[PDB]
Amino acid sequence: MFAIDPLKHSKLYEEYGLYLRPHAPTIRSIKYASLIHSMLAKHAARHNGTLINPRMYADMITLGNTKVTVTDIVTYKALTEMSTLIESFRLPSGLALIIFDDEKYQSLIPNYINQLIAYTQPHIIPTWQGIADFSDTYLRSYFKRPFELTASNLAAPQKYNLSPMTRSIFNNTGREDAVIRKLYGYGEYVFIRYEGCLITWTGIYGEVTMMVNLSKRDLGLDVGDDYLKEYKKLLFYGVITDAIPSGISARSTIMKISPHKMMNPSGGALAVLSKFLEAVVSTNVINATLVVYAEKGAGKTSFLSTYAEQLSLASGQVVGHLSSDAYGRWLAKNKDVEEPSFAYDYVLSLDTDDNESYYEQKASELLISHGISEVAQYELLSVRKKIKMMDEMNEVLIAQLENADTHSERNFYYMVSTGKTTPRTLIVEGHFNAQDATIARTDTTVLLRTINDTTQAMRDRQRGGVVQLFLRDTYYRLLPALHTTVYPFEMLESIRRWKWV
């Protein structure tokens, strides 16, 4: 007994590559569970959406060891009804409740089924990369079993004992399903449809897998291509499924590409991101601000500028975007000026990459007082020697966060957000969690992850690669994942799911 009835939502299982076997003891069992679902939903609707004895229900269905019979009568009327149905099945045991290990699947389970799970031992089928393992006991008996066709495997369906009633086809030959179906005689077989990609690269430490939310045709990449080619599509739609740090870098090439199941955005992400879209749309809010935290070197500026245009076009309003280096580049110029300017157009013009930050000048002279001038001297230090230097860099950061003075960080973001000519919608980037008390007064702060080894993009760069790697470690030590984590493909998905006007 699956948690979602496959006879009703058969298109939902086809997303996972699960096609129902045609129309046996297993054919009889999937029809029985479909009658139990209809009975349970009819019983739940009669008391405010709840089952009155979720433990008796769970024991009758999943253990099959309870009988209720009339020989009070109104309190056990629903349990007497479910009892005679299950008696008519004459099963040797009870129907086990089956769940997937997917977040999308769990979001679609009915409410009355969720009330049973507390009083059952469910059978949870794991998923590797969003796809449940087809070798499971229940998945093998109820659905068709996939057969993966590759390039070293392409032959007629006769070379193997394949039947169209027990096998589905996963075309991984790189060729069209129409050529495979006609030039090789798979006309009577059902092909599974995957819309994403699953790329495997070469990493510094090994091989890295990445899931992308684009089709293999839309994403113009083949085996052997480069990481920098089509980089913005990977960054906008890709999520690396390895442990951090992965070894991905600008020297990676593709070893294998395959169609894969397309990823679902997280629920906690779409909730906090749509909490920001409420403020953008509402008229009871004057200033709206989304704070975005990320690691140094993630490529968040390249993305959050495109996210800001897609939000301005959909909302119809002007959206401002301060970089994470906005205050430090301003402070480098106006640290001695007694009455500096806080105009949005002045701050925006200092936010270019050719302006040096105030924090980069202090960490540069700090690394010299210890004798560090190259990346190789820094990577040779022990952990305790590095941490002892970050504690001195923490003294330079605390001095700009401690008060609200003219050149403080809190006053900067106050005079910029509350300015007359500043856009009503702002997107501010941050570096560490302590800037919570200084950056604009908001209700929505997120942490952005990309497909980027941040320590690898910092040591494989120019323009002061040792200060950039040192500040990346200093900020990392101040930025846990205590705010909601989002991906670039989830932040774009929230704009599309919102109903504008």
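Think of the rigid core as the biggest set of C-alphas that the two forms share within 1.5 Å after superposition. Don't overthink the numbering: it's just position in the shown sequence, from 1.
Asker: Return whichever of 156 to 164 or 77 to 85 has the larger RMS Cα deviation from the displayed form in 4 other deposited structures of this protein, where every structure is aligned on the rigid core.
Answerer: Of the two stretches, the larger average C-alpha offset in 4 other deposited structures of this protein falls on 77 to 85.
Asker: Taking the root mean square of C-alpha distances over all structures and residues in 4 other deposited structures of this protein, with a rigid core superposition, name the larger of 112 to 120 and 376 to 384.
Answerer: This comes out as 112 to 120, the stretch further from the shown form in 4 other deposited structures of this protein.
Asker: Are any deposited residues left out of the model between residue 23 and residue 24, and how many (none, 1 to 3, 4 to 9, 10 or more)?
Answerer: Gap between residue 23 and residue 24: 10 or more unmodelled residues.
Asker: What number of deposited residues lacks coordinates in the span between residue 71 and residue 72: none, 1 to 3, 4 to 9, or 10 or more?
Answerer: Gap size class: 10 or more residues without coordinates, per the record.
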